[PDB]
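> take a look and give me a structure for this.
(chains A, B and C)
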Amino acid sequence: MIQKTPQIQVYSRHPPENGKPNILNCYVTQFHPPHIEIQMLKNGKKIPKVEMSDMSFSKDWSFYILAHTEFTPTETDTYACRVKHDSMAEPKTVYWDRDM
Amino acid sequence: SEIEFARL
Amino acid sequence: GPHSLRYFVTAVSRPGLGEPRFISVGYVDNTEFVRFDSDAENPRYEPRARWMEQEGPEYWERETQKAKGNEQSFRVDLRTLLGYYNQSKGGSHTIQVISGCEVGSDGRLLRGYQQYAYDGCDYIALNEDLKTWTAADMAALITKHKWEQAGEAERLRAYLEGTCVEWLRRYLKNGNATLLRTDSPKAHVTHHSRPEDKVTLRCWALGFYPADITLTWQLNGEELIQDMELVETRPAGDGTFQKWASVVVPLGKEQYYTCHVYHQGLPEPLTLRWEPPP
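Numbering: from 1, shown residues only, chains lettered A, B, ... in the order given. The relevant structure is shown in the block below.
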């Protein structure tokens, strides 16, 4: 067997602006095997409507997929994306940073 | 159009 | 410019959960245009690029039945590899393939591909010479002698030089307009105060396409590629891509730095600086 640790980016589709609808993305790439569980959270509580792009793999055999949800950021809300993959002991959580 | 793959 | 038609095929055995998940995806110039998926209602080839709907109900039927045929072979292959690697029939495994052709501006062949991978590790691949194979290990060697015998290298050389290319020309003809599309990036610079007396200058490039792009920071005309942090180009979700690069400069010396954005969509590279609101 072989296992590639997913790399995770968390960002909005448009520049974050308090009080205005947007789309938060969770880009997961460089993972193998393809089975992967991606959860998007809000202040710790799992977000329901979480759309996931079809899966694909790049030249190096590893897989990538994009998960996204709508959301209207605010000054204090916290968002994060959680990924559980066979390549890691515990799930990985990446928090959303506005300036990234 | 794709090709028909042989077997390993 | 050059072009290419490649197919990215994946078969994942899901012991217990049911039959293996087969997913075939065709790319033209690195742009998905078709896709098959067994784990779908009634598996059929569906267009991924609007310009593919120009193909009649034959193509699809013909191409779909071929997908189902590769599916089953892949189902067998998986069983076979469990044999080669003496692995239990109760674990999940992955067989991946990249099969395609890259042509030049003349419509000729530049390089054809045909490489397998098992569980994410090169298994076998056709050599650029389109005649001999490169087995990745003991297992692959068995396929290698089988294919040398059957003369697989030739069967593919044939496909790669003809059928592949032929179809590439055919696909382009109805997708050039679209494939050659280009969306220039719109860049800006953000300011973030760091611990002590430093500051971060993050240069943003947005809604650009294709993904290919380069960003740089310069200190009085010199690419600071040493302490510049940058993220990998990422998708916006609407077709375009994003990317930023940043450096940490001293508080007060922000105007001594400038960002440069290089994209094929641009008539000429971009040049920006920190712009504190007037």
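> please name the nearest non-neighbouring residue to the most centrally placed residue in chain A.
Centroid-nearest residue in chain A: residue A:26, 2.4 Å away (criterion: CA atoms, centre = their mean). Distances taken as CB to CB, 6 or more residues apart in numbering or on different chains put residue A:81 closest to residue A:26, at 3.5 Å, once the chain neighbours are dropped. For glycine as for every other residue, the C-beta is placed from the backbone atoms N, C-alpha and C.
> what about that neighbour, neighbour count?
27 (other CB atoms under 10 Å in any protein chain shown).
> cool, residue C:1 as well?
Neighbours around residue C:1, by other CB under 10 Å: 8.
> would you double-check that it falls in a strand?
No: per DSSP: H, G, I helix; E, B strand; the rest coil, residue C:1 lies outside any strand segment and is coil.
> for it, what are its contacts?
Shown in contact with residue C:1 (CB atoms under 8 Å, 6 or more residues apart in numbering or on different chains): residue C:105.
> can we see that at 10 Å?
C:29, C:104, C:105, C:179, C:180, C:264 (CB atoms under 10 Å, 6 or more residues apart in numbering or on different chains).
> before we move on, what about residue C:159?
Applying CB under 10 Å, 6+ apart, the residues contacting residue C:159 are B:1, B:2, B:3, B:4, C:99, C:101, C:112, C:114, C:165, C:166, C:167.
> secondary structure, distance to residue C:58 and neighbour count added to those, as a markdown table?
Output for the contacts of residue C:159, formatted as a markdown table (DSSP: H, G, I helix; E, B strand; the rest coil; distance: CB to CB, whole Å; neighbours: other CB atoms under 10 Å in any protein chain shown):
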| residue | secondary structure | distance to residue C:58 | neighbour count |
| --- | --- | --- | --- |
| B:1 | coil | 11 | 19 |
| B:2 | coil | 15 | 24 |
| B:3 | coil | 18 | 18 |
| B:4 | coil | 17 | 10 |
| C:99 | strand | 22 | 25 |
| C:101 | strand | 22 | 25 |
| C:112 | strand | 26 | 22 |
| C:114 | strand | 26 | 25 |
| C:165 | helix | 21 | 22 |
| C:166 | helix | 16 | 15 |
| C:167 | helix | 14 | 17 |
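> I figured the residue nearest to the centre of chain A hits residue A:71, correct?
No: counting by CB atoms under 10 Å, residue A:26 stays clear of residue A:71, with 11.7 Å between them.
> please enumerate the shared neighbours of the two.
A:40, A:79, A:96.
> bridging residues for the second one?
Okay, so that is residue A:79. residue A:42 (DSSP bridges).
> now do the contacts for the closest residue to residue C:108 other than its chain neighbours.
Spatially, and ignoring its direct neighbours in sequence, residue C:108 is nearest to residue C:165 (7.7 Å; CB to CB, 6+ apart). By CB under 10 Å, 6+ apart, residue C:165 lies in contact with C:3, C:4, C:5, C:101, C:102, C:103, C:107, C:108, C:109, C:110, C:112, C:159.
> filter these down to the buried ones, PyMOL style.
A single PyMOL command selects the buried members of those (16 or more other CB atoms under 10 Å in any protein chain shown):
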select buried, chain C and resi 3+4+5+101+102+103+109+112+159
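> can you tell me which of the contacts of residue C:165 are in strands?
C:3, C:4, C:5, C:101, C:102, C:103, C:109, C:110, C:112 (DSSP state E).
> what sits closest to residue 5 if chain neighbours are left out?
I went with chain A, as the question did not name one. Closest to residue A:5 by CB to CB, 6+ apart is residue A:87, at 4.7 Å.
> um, chain C though
Nearest residue to residue C:5, sequence neighbours excluded (CB to CB, 6+ apart): residue C:168, at 4.2 Å.
> what's the spacing between the host helix or strand of that neighbour and its chain's center?
Assigned by DSSP states H and E, residue C:168 belongs to helix C:165-173. Distance, stretch centre to chain centre, for helix C:165-173: 19 Å (CA atoms, centre = their mean, to the nearest Å).
> what of stretch C:233-253?
Distance of stretch C:233-253 from its chain centroid, counting by CA atoms, centre = their mean, is 22 Å.
> is it up against chain A anywhere?
Yes: shown here: stretch C:233-253 in contact with chain A (CB under 10 Å from any CB of the partner chain) through C:233, C:234, C:235, C:236, C:237, C:238, C:240, C:242, C:244, C:246.
> top of those by neighbour count?
That'd be residue C:242 among the residues of stretch C:233-253 next to chain A, by other CB under 10 Å, with 25 neighbours.
> who's it bridged to?
residue C:234.
> could you report the neighbour count for residue 7?
Picking chain A for this. So residue A:7, with other CB under 10 Å, has 16 neighbours.
> you looked at the wrong chain, it should be chain C
23.
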